[PDB]
Amino acid sequence: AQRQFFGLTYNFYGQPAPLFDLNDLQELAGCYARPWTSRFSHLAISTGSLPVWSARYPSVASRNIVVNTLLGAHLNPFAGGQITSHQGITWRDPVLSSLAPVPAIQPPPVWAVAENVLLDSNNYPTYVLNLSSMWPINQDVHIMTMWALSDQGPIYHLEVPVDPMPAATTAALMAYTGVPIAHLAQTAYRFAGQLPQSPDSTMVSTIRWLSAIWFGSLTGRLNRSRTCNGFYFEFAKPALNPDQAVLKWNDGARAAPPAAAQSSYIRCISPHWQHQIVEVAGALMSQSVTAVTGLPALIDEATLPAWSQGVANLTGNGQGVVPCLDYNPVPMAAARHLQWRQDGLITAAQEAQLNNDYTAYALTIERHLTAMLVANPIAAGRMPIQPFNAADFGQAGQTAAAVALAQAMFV
Amino acid sequence: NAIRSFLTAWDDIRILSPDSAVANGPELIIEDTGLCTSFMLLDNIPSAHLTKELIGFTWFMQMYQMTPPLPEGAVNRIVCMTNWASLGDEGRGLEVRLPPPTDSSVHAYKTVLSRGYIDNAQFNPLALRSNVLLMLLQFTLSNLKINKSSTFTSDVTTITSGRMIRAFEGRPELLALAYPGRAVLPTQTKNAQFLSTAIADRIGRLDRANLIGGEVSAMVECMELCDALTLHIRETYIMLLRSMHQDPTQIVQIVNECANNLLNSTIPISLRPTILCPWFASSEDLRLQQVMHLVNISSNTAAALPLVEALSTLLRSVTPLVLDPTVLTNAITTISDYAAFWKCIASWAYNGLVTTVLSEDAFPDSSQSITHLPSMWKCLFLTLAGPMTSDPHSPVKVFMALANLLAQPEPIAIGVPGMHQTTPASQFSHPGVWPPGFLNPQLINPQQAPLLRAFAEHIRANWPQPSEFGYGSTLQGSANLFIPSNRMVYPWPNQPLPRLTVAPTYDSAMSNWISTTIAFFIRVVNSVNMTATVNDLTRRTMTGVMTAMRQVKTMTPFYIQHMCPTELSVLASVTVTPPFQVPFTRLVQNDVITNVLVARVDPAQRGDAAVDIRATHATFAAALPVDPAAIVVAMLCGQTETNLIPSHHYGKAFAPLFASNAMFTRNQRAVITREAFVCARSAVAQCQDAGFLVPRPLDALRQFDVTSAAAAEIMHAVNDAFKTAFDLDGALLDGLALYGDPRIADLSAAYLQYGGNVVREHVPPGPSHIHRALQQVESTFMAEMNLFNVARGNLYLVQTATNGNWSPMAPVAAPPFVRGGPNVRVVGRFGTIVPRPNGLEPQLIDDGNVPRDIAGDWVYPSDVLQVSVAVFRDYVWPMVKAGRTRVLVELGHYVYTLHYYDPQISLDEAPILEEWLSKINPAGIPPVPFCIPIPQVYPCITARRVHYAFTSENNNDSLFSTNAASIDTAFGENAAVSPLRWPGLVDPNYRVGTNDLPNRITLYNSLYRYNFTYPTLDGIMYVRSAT
Amino acid sequence: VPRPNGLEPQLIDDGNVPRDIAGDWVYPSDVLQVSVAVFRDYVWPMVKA
Amino acid sequence: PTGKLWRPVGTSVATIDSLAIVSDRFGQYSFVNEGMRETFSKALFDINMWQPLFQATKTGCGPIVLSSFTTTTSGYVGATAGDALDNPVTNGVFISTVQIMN
Amino acid sequence: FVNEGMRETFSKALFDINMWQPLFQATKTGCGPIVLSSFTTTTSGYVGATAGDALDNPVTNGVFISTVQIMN
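- Looking at the PDB entry, chain E carries the name Outer capsid VP4, with the source organism given as Grass carp reovirus.
- The PDB lists this entry under the title "Atomic CryoEM Structure of a Nonenveloped Virus Suggests How Membrane Penetration Protein is Primed for Cell Entry".

- The name given to chain D in the PDB entry is Outer capsid VP4, with the source organism recorded as Grass carp reovirus.

1. With respect to the packing of helix α5 (residues 202–219) of chain A against helix α8 (residues 329–343) of chain A
Residue and element names in this part refer to chain A.
And step 1. For the pair α5 and α8, interaxial distance at closest approach is 7 Å and the crossing angle is 80°. As judged from the angle between their axes, α5 and α8 are roughly perpendicular. Of α8, the residues touching α5 (which contributes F215, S217, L218 and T219) are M332, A335, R336 and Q339.
And step 2. When its residues are assigned to classes, the contact of α5 with α8 shows four nonpolar, three polar and one charged.

2. Here's the deal with helix α18 (residues 628–635) of chain B
And step 1. Among all positions of α18 of chain B, only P628, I631, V632, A634 and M635 of chain B are buried. Seen end-on, α18 of chain B carries its buried residues on one side only, within an arc spanning 165°.

3. Looking at the packing of helix α11 (residues 394–405) of chain B against helix α13 (residues 450–460) of chain B
All names here are of chain B.
And step 1. Interhelical geometry of α11 versus α13 gives an angle of 165° and a closest axis separation of 10 Å. Here α11 lies roughly antiparallel to α13, going by the angle between them. Judged by the twist between their axes, the crossing of α11 over α13 is right-handed. Along its contact with α11, which presents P395, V398, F399, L402 and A403, the element α13 presents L452, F455, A456 and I459.

4. Thoughts on the interface of chain A and chain D
In many reports, interface size means the accessible area that the parts give up when they come together.
And step 1. Residue-level contacts link 17 residues of chain A with 13 residues of chain D.
And step 2. Considering only the surface of chain A that becomes buried against chain D, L338, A400 and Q407 of chain A emerge as the three largest contributors, covering 33% of it.
And step 3. At the boundary of chain A and chain D, one finds three residue pairs in polar contact.
And step 4. Broken down by secondary-structure element, the contributors of at least two residues to the side of chain A that touches chain D are α8, α9 (351–375) and α10 (399–409) of chain A.
And step 5. Residue composition of the side of chain A that touches chain D, grouped by class: 10 nonpolar, five polar and two charged.

5. Thoughts on the arrangement of the chains
And step 1. Ranking the five pairs of chains in contact by contact count places chains A and B at the top.
And step 2. Contact between chain C and chain E is absent, and the least distance between their C-alpha atoms amounts to 48 Å.

6. Some words on the pairing of strand β15 (residues 757–762) of chain B
Residue and element names in this part refer to chain B.
And step 1. Note that strand β14 (residues 748–753) and β15 share six bridges and pair antiparallel. For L752, the partnering residue across the bridge sits in β15 and is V758.
And step 2. Remark: three residues form the turn of the hairpin made by β14 and β15, two consecutive strands paired antiparallel; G756 in that turn has positive phi of roughly 55°.

7. Quick word on the pairing of strand β10 (residues 467–470) of chain B
All names here are of chain B.
And step 1. Side chains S467 and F469 project from β10 onto a buried face, and the interleaved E468 and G470 project onto a face without burial.
And step 2. Judged from the four bridges that link them, β10 and strand β11 (residues 487–490) form a sheet pairing that is antiparallel. Opposite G470, over in β11, you have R487 as the bridge partner.

8. Observations regarding unusual backbone geometry
And step 1. Although it is not a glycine, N389 of chain A sits at a positive phi angle of roughly 80°.
And step 2. Given a relative accessible area of 48%, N389 of chain A falls into the partly exposed group.

9. Topic: the interface of chain B and chain A
And step 1. Every contact between the two is made by 37 residues of chain B and, on the other side, 39 residues of chain A.
And step 2. Of the roughly 3,400 Å² buried between chain B and chain A on both sides combined, carbon and sulfur atoms contribute 56%.
And step 3. Taken together, the connections running from chain B to chain A amount to 14 residue pairs in polar contact.
And step 4. Looking at the side of chain B that touches chain A, the elements with two or more residues in it are β5 (212–213), α4 (228–243), α5 (251–258), β8 (269–270) and α22 (769–783) of chain B.
And step 5. At five residues, the largest contribution of residues to the side of chain B that touches chain A is made by α4 of chain B.
And step 6. Each residue belonging to the side of chain B that touches chain A can be placed in one class, and the counts come to 17 nonpolar, 13 polar and seven charged.
And step 7. Bridge analysis of strand β2 (residues 45–46) of chain A against β8 of chain B gives two bridges, and the strand direction is antiparallel. Across the sheet, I45 of chain A pairs through a bridge with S270 of chain B, a residue of β8 of chain B.

10. Structural notes on the state of the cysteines
Simply put, the disulfide is a covalent bond whose two ends are the sulfur atoms of two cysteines.
All names here are of chain B.
And step 1. This model, assessed by the stated rule, comprises zero disulfides over all chains.
And step 2. For the unlinked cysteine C226, the closest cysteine sulfur is that of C36, found at 4.7 Å.
And step 3. By relative accessible area, which is 0% here, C226 ends up buried.
And step 4. Distance from the sulfur of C344, which forms no disulfide, to the nearest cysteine sulfur (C564) is 11 Å.

11. Concerning the sheet that holds strand β6 (residues 156–158) of chain A
Residues and elements named next belong to chain A.
And step 1. One open sheet holds the three strands; their spatial order is β6-β7-β10, and the pairing between them is mixed. Each edge of the sheet is formed by a strand with only one pairing partner; in this case those strands are β6 and β10 (324–327). Adjacent strand axes in the sheet meet at a mean angle of 35° when their direction is disregarded.
And step 2. Pairing of β6 with strand β7 (residues 264–268), which is carried by three bridges, proceeds in the antiparallel orientation. Looking across to β7, one finds that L158 is bridged to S264.

About the cut-offs
- Residues numbered from 1 in each chain as written, not as in the entry; some residues may be left out.
- Chains lettered and ligands numbered in written order.
- Part of a larger assembly, values for the part shown.
- Heavy atoms only, no water.
- Residues with missing side-chain atoms left out of burial classes, pairs and counts.
- Axes fitted to C-alpha atoms, helices over the stretch in contact; angles between N-to-C directions.
- Helix = DSSP H or I, 4+ residues; strand = E, 2+ residues; numbered from the N terminus.
- Parallel < 35°, antiparallel > 145°, perpendicular 65-115°, else oblique.
- Contact = heavy atoms within 4.5 Å.
- Nonpolar A, V, L, I, M, F, W, Y, C, P; charged D, E, K, R; others polar.
- Buried < 20%, exposed > 50% of the residue type's maximum accessible area, 1.4 Å probe, protein only.
- Arc of directions from axis to C-beta.
- Left-handed = near helix turned anticlockwise from the far one by under 90°.
- Buried area = accessible area lost by both parts, 1.4 Å probe.
- Polar contact = N/O pair within 3.5 Å; in protein donor to acceptor, adjacent residues only side chain to side chain.
- Pairing = 2+ DSSP bridges.
- Disulfide = S-S within 2.5 Å.

As structure tokens, then:
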């Protein structure tokens, strides 16, 4: 299958120890203190449209943002070989399941707190000699890596071949029809995180084809009148829950396979991704693919945070790197509505209408995060919000280039 | 059942789910874990008992014999048989079982027009395309099932060891068939040789674990054998389902909105890798379902009335309003059940399918005076109740009633030609007939006709102003035609239920109407004219009573303007049949919908102009008579229950409604009507030469032009097939095949407004998954008709006495003689033999019309042969048995039936043939009879036998293989197992999921075994709480 | 609204954004009338604690 | 259309100021209107002609297709944000500065 | 009719004027950028030099500039 994941631990943002305390270990949903196979656990049972977030976890990406620093704080293996222990907490045994208090009689060595520790994976020989059991850990660490190599939104990866969708892909995809993007992220992740799959498996090339097929919809290029291969995502009114996507199937005028491969990493600069279940789902839904199949190439050092500068085997700067086109939710959806008007889906009156109904919605996202960062600073201890600063929220980077990527990805 | 219970939070009582039938749901989920096929390899001629040689394998001591994966023996064909390896719970009673080519496959080709005259032993060549379309439509429907994934078991059988095959508990016999190549005994024999080249890898299942919920995988990738055609049909139905899947989570909002927040719930739902809730139908579809009910009801008012009472119940059984004349009676009495009413509000929800007019009895005979008190009262009741109806012509009929009564005191001229002030009010029921004086009060004079200029003045400025309001959820799908999406149109102006007080309860639209009218009539019963017959005391007693009514404290006017909209808005969402509703219009004349009609094709392209029967009725919708006298009472006495928190009340009532998943039955019966339509319209549009654009893969099959009357049968066969497959209730699609032209193009409902304007809602059915598959199937039927026994190409009848080799099917020798060739004469119509006096021999009548003689070789268009078999069999047939003549009958296609014989038993074929000629007649031909020799394994001295038939095209494609049990074959037409049928199992360049479909039905494919769970919501439901 | 794998049942607050029971609530009496069945089953066990 | 291609910049609806010359690591994509392809094709055409002499003498490097210097971007292409707003071009053929160099 | 190449000119001419946009606003002259799509139209019919030859050029929704426009 695959066994060689190069990771990278979360940044401290200038804080002493990793941003999380003792209580985070016995609060995680699902399997006790087991951080593995968590993420989409608090969403296992849907009650309604309202995004699941409590007091300690003020947002959607709050559950994951916490399991990240909690994850890295206990990742001496792959980066040292030992098991160590942070604040009296360690793994049960070599398989690395749930975290229990440091066992007596033979306690592990105390972990040396460090920021951004490069994970080699092969450094821990027990991993490959017990792959079929500790496989989820590979998918999860990969997630933490994509989240760590960015101070503003998880950097996933789109692709799309030069030729049309395989004959085994079109038959597998016709099963995730009436399924929201929020759920596609849950089924995608829970798939690549329980049993060692192959890089050329049917469910892998289809889930990847489902992610890049989602980006076009998010940009508006793959609407109701322009399918990639009969699949798209119908968006509801932004004032009436814009989180709803669903992979609808039609028989309209399909697009056409591009002249070349459109491999490209994408990011969401705007801190809006934090509270948007749709953005967090789109990110983690793509990460499920780069898990079973390590990074197709290296990531561009063009922008990114000041700590992801020249990583071991993650972010480069030469010619073997792939540019990262980052966008912004508000301008992206503002350009997404503009696509619908061009082909005649919406009236020229609903053009400037959907913009005001969405910008008001995205405002609620901004009014929420700003009010949560102040409530939960950073020097306090944890980092459920991630210090984004209020100077941003609307400084859209090359979002205009991400849109031009979708037009090129589906000619 | 989408919803099962609903423990209401405030009440804590589990509401469990339950001329017009009770709409039940379509059986949308059937599934079988057995082999996904409908093309078995039934062997025909049994094997001549060879001496095994290599027996079963020998584990240590024991000797394991395994069942031969492929059919062995003389000749093994590919006989089509739907769900032959089916190992599931059930199957939609409806299949296709064709007997091996050795039997009369004729029966399966006798649906459409065959029934009745055709002998059970012959099919109708004329109605072949029509009969093959219906035959495949049953081969599709039959195969519309899901493939449960069963339980695998790691195979440890050497060559295939390591591969995870599938169990097959139902009947272990399958495990043999299922995976050809798994444990192949080296016994070199056609069969074994082939199965040897099978790729160890292809067998079993492909993918690894996958989305393993619990311990079972969400959807595996079995590899088992499964005819690409069947695998493709199901891969279509799986999509049909997913298509209409409904995100379970959104269900809370749908209920929250559809009920207007009065009722708010929560329904936990465990999201899983698999899950399937076929409860959602797009508005795109729901409209083809709407105009559909519009067709079944038709002019028939009796079938439309069931709909307005269905609502008249729900309405009344849920309203906070309790009508009771006690108060009214008291008030009036001093100085001296309401179906009508409820069948007037439920009448608006369908204003457009059935209007509510005023019973003619109500009107006071135009020849009666106004001095006549009983008459002027029958008039006052005809006004107070006017607006209460949904007749676009009430504002006039009302005004007119009074224009009648006082015809002498106020003799005003009526504009409408041919009509006079004394014309029975009822009579006025067309926007044209409207009096100009009424259209413009100014025309009447104040002192000429005081009362009228004052009465028209009144109506022009008092009749309630129509209005509207949204309703249902937005994630639902309009389902309504003329009025904007999920949003109704109400007669009176409506407003959000205000905190009860003295203000809203006297200011309602209706309060004004009830008021100003009584006010107006009080001055009429006090006219100077009244004196003539009205006493001074009794004239006062009249003012006494009419004032009691006016001042009576009725609480309905408030209900019909604040609380009644919130009921219809909701009630209009929990009904298996959404509200059809044409826009309301008060006095705007030229625009008041005159006619409403469904069109089975846009007038433009509509050959044979045929209006919608509805046109015949005066009013545009089924005119349901409502009595004014009744409605007025109801309107004048509606006190509500003392303690009344609108919040708690409406809450408790709409609770039981959302418990019965009748909202989802609507979405389901909908996505099936759109299937049964895109499939019906297609099948009837494929049998007529011209007509609606639908891919015609079966245009080659001979089929006469289907008339209007003929279609209705190709239509009943299609519509009736769907119902049987999805066991539905009531009409569905038969409305189309019971009148008008069953030959529908694209349905559309349109209403014409008197202002000479026709708004026309076109409703094109969005891509029918079922039909997309059917097309692919019809397309396949061409390249693979032999698997259905039908054969393409002409039949030669040259007598051949060879004692050598034969194969009527795919004859190697060159066509005896082409049609337009040298010396061949086409036999002219009728094919009339002309006896010739004296020595001269009988000669056949030529096509060029000049009689030629028989000895030679003719080309018989089957049409001619069938209208003179008697003459054929007695003149040309004998001349053929003797090697003198060579006929060439021409049948595009047909049902062949062959009989295998012993190449060693010398037998003439003429008798076995005439058995045939004998049954041919105009009404229909019996299966063509070929006689093929059973392939001999050892060199055997063959016997001389004379054959007569054989085709021009090669039709032995059906033949799967001969002598699978032998290292080879010595005599009969030998046929090794073709690798082509199994590109998946054999060829190393296969590509999971790759078909061939249009051209060649592959056997060992790569299906995708699913494992769906059907979440069945049952949540808590909290009301709103007083405040 | 109930929450999956061991998470506090959120009590839909006023603004219509489910919040959590362990805190300080203000129960508009009327609400408490069409809701006790719930109150007693999730917030009550909480107040006692 | 003509000029360099622009694309919406920053937060907001497309507008006359939303736009910004889509520059980047390759320079600025300038649109290649129909006629301007006639020239570069007519120029390359006159070079391809000498194909038999390029191989013979091992110089050259294969035939020069003009489709090797261009791209298929899409956006609004004008001379200034204001006027570029009236030339929405989809999958037009632009040549980036560094390419206009080769 | 405004054949493909003839749009190259009027665009190349207007392009050279739009360039001076920053100086038009500064000095309050001008009147916004001149789009050539403001002088044309989208009619359709047969376009030639004479009925006879115009019959062989059925153009649909071509871009023509009316005389009074060819003036501005």
